[PDB]
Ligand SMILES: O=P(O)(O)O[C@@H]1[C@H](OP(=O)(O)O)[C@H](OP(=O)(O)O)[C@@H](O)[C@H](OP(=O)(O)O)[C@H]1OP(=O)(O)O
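Just one chain is shown here, as structure tokens, and it is the form deposited without the named molecule.
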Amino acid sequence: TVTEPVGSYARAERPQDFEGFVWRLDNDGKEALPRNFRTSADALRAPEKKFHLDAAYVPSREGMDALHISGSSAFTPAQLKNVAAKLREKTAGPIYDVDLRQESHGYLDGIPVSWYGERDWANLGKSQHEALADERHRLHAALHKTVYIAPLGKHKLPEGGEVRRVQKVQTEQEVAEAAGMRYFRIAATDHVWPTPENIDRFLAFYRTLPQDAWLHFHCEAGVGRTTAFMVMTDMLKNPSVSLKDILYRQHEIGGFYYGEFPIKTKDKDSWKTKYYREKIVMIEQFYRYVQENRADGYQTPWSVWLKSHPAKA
């Protein structure tokens, strides 16, 4: 009798210990595009040293040209318009802004902000419905009120920033639609493997997509959650490609490396260690799911399959 199965470790954490306390600045808006911007059409670059990978290995690019996905960090409204314009040059299909952020976020006077709590876990434990309700309520409450917006600096605490009286409030959905993109929200908790609910919702969405749909995934930094869903998409759409190639190529186009590697964090970040290990095992488990259920058209969803085929540490 296990309390939390692998893939659900974050459920053991106490939400009350990571409550939001400040409007974090999501992007300073100085660059034309969000950070870590990349597409499946991009050329593969040398792997990052920290993953101790084979720099000589050349992964197959089979299916990358038809993949039609991209990823990035959070963005200002102008930056998102730039992304959309760039993605429109690559396709005539619907372009989706796939928001993977569980944390409450939006735009105050056009400034991309998020309600930040320790570890960015201000909405930990909330259902997607409660997180989005908190988001709507917090954004609305900011209108015509004085707010402190700051970037995090030394030790993930506010540093400098600015104070203003908000005259306009927008949700990311509004910002996406103003950029001509369709919007899809998946409330994934920062730093950890996406929940079975997060993944079931994604696979359900994925099967409704027209052939030429282009998915632009993003989280806060554009690394952890963004690459997890990019990899999942790659595996679903190109089930013939080996796990190694999927992981290598999503990393080499600019994303995270979701395969095994020597995990090393700063003392102050030791809490991330088991979550990285968990991600590695779940990635392999998701690959198994795709391989075992593609043939029948996914009659059984990921959550159900995972419960009868639990992952092991």
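The first residue of the sequence shown is number 1, and the count goes up from there.
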Fill in: Residue stretch of maximal mean CA temperature factor, 198 to 206 vs 139 to 147
139 to 147
Worksheet item: Looking only at CA atoms, which has the higher mean B factor in the entry: 246 to 254 or 55 to 63?
Response: 55 to 63
Fill in: Highest-ranked of 189, 167, 104, 226 once sorted by CA temperature factor in the record
167
Item to complete: Would you please rank residue 119 by its C-alpha temperature factor against the other modelled residues of its chain and give the third it falls in: lowest, middle or highest?
Response: lowest
Worksheet item: Relative to the other modelled residues in the chain, which third contains the C-alpha temperature factor of residue 182: lowest, middle or highest?
Response: middle
Worksheet item: Lowest, middle or highest third: where is residue 306 by Cα B-factor in its chain?
Response: lowest
Worksheet item: residue 287's Cα B-factor: lowest, middle or highest third of the chain?
Response: middle
Worksheet, complete the sentence: For residue 294, the third of its chain by CA B-factor is the highest
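Keep in mind that the form deposited with the named molecule bound is not shown, yet the notes after this line are about it.
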Item to complete: Kindly check, after superposition on the C-alphas around the site, whether the named molecule taken in the deposited bound form would be blocked here (3 or more of its atoms within 2.4 Å of a backbone or C-beta atom) or open?
Response: open
Discussion item. Quick check for you: of 132 to 140, 89 to 97, 222 to 230, 164 to 172, which stretch puts a non-hydrogen atom within 4.5 Å of the named molecule in the deposited bound form?
Written reply: 222 to 230
Discussion item. Whether residue 276 contacts the named molecule in the deposited bound form should be assessed with a 4.5 Å heavy atom distance threshold; does it?
Written reply: yes
Practice prompt. Although the named molecule is absent from this view, report whether residue 286 comes within 4.5 Å of it in the deposited bound form, heavy atoms only.
Written response: no
Worksheet item: Does residue 234 make contact with the named molecule in the deposited bound form, using a 4.5 Å heavy atom cut-off?
Response: no
Worksheet item: Using 4.5 Å between non-hydrogen atoms, is residue 45 touching the named molecule in the deposited bound form?
Response: no
Worksheet item: Should the three residues 185, 245 and 251 be counted as contacting the named molecule in the deposited bound form, with contact defined as a heavy atom within 4.5 Å for each?
Response: no
Worksheet item: If you check 191, 81, 126, 201 against the named molecule in the deposited bound form, which one has a heavy atom within 4.5 Å?
Response: 191
Practice prompt. Determine the residues of 24 to 55 with a heavy atom within 4.5 Å of the named molecule in the deposited bound form and present them in sequence order; the list may be empty.
Written response: 24, 35, 50
